[PDB]
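**Q** Going left to right, the sequence shown walks through residues 5 to 38, 49 to 374 as the deposited numbering numbers them.
From the three backbone atoms N, C-alpha and C, an ideal C-beta is built for every residue, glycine too.
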Amino acid sequence: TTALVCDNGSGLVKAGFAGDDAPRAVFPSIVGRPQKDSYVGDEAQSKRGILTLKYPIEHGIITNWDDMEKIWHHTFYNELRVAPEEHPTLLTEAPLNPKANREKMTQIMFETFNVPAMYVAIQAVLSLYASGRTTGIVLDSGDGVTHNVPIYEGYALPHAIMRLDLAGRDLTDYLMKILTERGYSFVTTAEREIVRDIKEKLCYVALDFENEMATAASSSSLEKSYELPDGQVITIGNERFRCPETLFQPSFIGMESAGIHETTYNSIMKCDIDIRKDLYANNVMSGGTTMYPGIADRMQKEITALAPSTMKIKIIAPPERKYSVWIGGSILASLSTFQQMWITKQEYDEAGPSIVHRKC
Ligand SMILES: COc1ccc([C@H]2OC[C@H](C)[C@@H]([C@@H](C)[C@@H](OC)[C@@H](C)/C=C/C(=O)[C@H](C)[C@@H](C/C=C/N(C)C=O)OC)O2)cc1
Ligand SMILES: Nc1ncnc2c1ncn2[C@@H]1O[C@H](COP(=O)(O)OP(=O)(O)O)[C@@H](O)[C@H]1O
Ligand SMILES: [Ca+2]
């Protein structure tokens, strides 16, 4: 029977059937409760006023299992409209996901949803498979968290994994702030959803930050107009490139951590010397926050400036990197040499949660 692929994202839940072109269902990772006892996804925030909203998978890691259970329950019956007892289910997890976490991910799958078989894959790793690589370093920047994950011979290197608590969610908020400072007023939650659309449609990464700031202070060639739903037309200037700039300079929002370019460098320099030249030549971009135009040219420039001059440096930004993680799981599930890595109902009834250390 057709396997299931569910990418448990920090902001969006990508779910669908293994072997498909794209995930059939994409919805918010939010659980709302004060007509019913709970809501999940779009309608959870449509009625955000009467409910209490929950981000159980924010920052990449699942923290609440009652809410998560509601998200998975929403995925199976309401979105994909399948019987979880009739489908092997591949789950995804954030890098550096603790052991007891994937144990509990597995327990809930069998004891509560009764899956025939399941598996938990690291998100960044799947994105690499989707590119056609078993070796390389992935920059996974989603909604709630950004990870740098070096992968060698098809296996991620935990000690060199970098975690940056800065992603598109922080950027959206940042874009509201600086747009409000200019003279507008985007404060409400409904206005947040509007600003996020501006971010995805008009923002871009500046090749050189200061030079772009100068073109903005002296001309209006960088300015773009944006029509609000109520017909009102607003104008965005340097906020276009100042927004994603936070990924390289987290200090703009008080975050005293290294940028995505530096965390990439630091990640590689934690790996064994012999494979570093391979990581440099295979920098894969993953997640929606890496969708900014010009982010690859900026990454190319900054990594080069940090690395030896003799170093060959390549940046890979796939056009479908919004759904890289899910696609990677779709091919993994359909892979013949992977079938023996499933954890079956029988296997779990015999061993317990202790078996996920043997397969995952
Ligand atoms: C969607 O477009 C495409 C994407 C990729 C490819 C294809 O390109 C050539 C690649 C050698 C190939 C590889 C990378 C993929 O196979 C389809 C990928 C699924 C293979 C992964 C593995 O072999 C690993 C090492 C093993 C074990 C898994 C370890 N794990 C999950 C650790 O976390 O899985 C059987 O993938 C072809 C088309
Ligand atoms: N074209 C785009 N430009 C910039 N950001 C985008 C674009 N498309 C989506 N995003 C951002 O990507 C984030 C979604 O990332 P995602 O891959 O779902 O990560 P996660 O699975 O952790 O939520 C959202 O915060 C969204 O604002
Ligand atoms: Ca993700």
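For residue 311, is the beta carbon positioned less than 8 Å from some heavy atom of ligand 2?
**A** Counting from 1 along the sequence shown, the entry for residue 311 is found at position 297. Answer for residue 311: no, Cβ out of range of ligand 2.
**Q** May I ask you to check if the CB of residue 203 is nearer than 8 Å to at least one heavy atom of ligand 2?
**A** For the purposes of this step, residue 203 is taken as residue 189 along the sequence shown, with counting starting at 1. In this structure, the C-beta of residue 203 stays at least 8 Å away from each heavy atom of ligand 2.
**Q** Near residue 266, what residues of its chain come up, given a Cβ to Cβ distance below 6 Å and the 5 sequence neighbours on each side ignored?
**A** The count along the sequence shown starts at 1 and reaches residue 266 at position 252. Answer for residue 266: 260, listed in chain order.
**Q** State the Cα-Cα distance for the pair residue 321 and residue 298, rounded to the nearest angstrom.
**A** The residue labelled residue 321 in the question sits at position 307 within the sequence shown. The residue labelled residue 298 in the question sits at position 284 within the sequence shown. Cα-Cα distance, rounded: 17 Å.
**Q** Beta-carbon separation of residue 41 and residue 106 under 9 Å?
**A** No atoms of residue 41 appear, because in the chain residue 38 is followed directly by 49.
**Q** So for residue 286, helix, strand or coil by DSSP?
**A** The residue given as residue 286 occupies position 272 in the sequence shown. Note: residue 286 maps to coil in three-state DSSP.
**Q** Would you kindly check if the distance between the Cβ of residue 199 and the Cβ of residue 302 is under 9 Å?
**A** In the sequence shown, the residue the question calls residue 302 occupies position 288. In the sequence shown, the residue the question calls residue 199 occupies position 185. No.
**Q** Note the first and the last residue of the continuous beta strand (DSSP E) segment covering residue 39.
**A** Between 38 and 49 in the chain the model has nothing, and residue 39 is one of the residues in that span.
**Q** Cα-Cα, which of 251, 351, 140, 119 is closest to residue 240?
**A** In the sequence shown, the residue the question calls residue 240 occupies position 226. Considering only alpha carbons, the answer is 251.
**Q** Would you mind listing the beta strand (DSSP E) stretches within the region 129 to 198 that are 3+ residues and don't spill past its ends, in chain order?
**A** List check, beta strand (DSSP E) in window: 131 to 136, 150 to 155, 160 to 166, 176 to 178.
**Q** Using DSSP with H/G/I as helix, E/B as strand and the rest coil, what is residue 29?
**A** Indexing the sequence shown from 1 puts residue 29 at position 25. Strand, per DSSP.
**Q** Judging by CA-CA distance, which residue of 208, 371, 307 is the nearest neighbour of residue 246?
**A** The count along the sequence shown starts at 1 and reaches residue 246 at position 232. Per the Cα distances, 208.
**Q** Report the CB separation of residue 34 from residue 69 in whole angstroms; it is logged as a contact under 8 Å.
**A** Here residue 34 corresponds to residue number 30 of the sequence shown, with the count starting at 1. Here residue 69 corresponds to residue number 55 of the sequence shown, with the count starting at 1. Their Cβ separation, rounded to whole angstroms, is 6 Å, which keeps residue 34 and residue 69 in contact under 8 Å.
**Q** Using a Cβ-Cβ cutoff of less than 7 Å, which residues in the same chain neighbour residue 269 once the five nearest sequence positions on both sides are dropped?
**A** To locate residue 269, count along the sequence shown from 1; it is residue 255. 180, listed in sequence order.
**Q** When DSSP labels each residue in this structure, what does residue 270 get in the three-state scheme?
**A** By 1-based counting over the sequence shown, the position of residue 270 is 256. The answer is coil: DSSP assigns residue 270 none of H, G, I, E or B.
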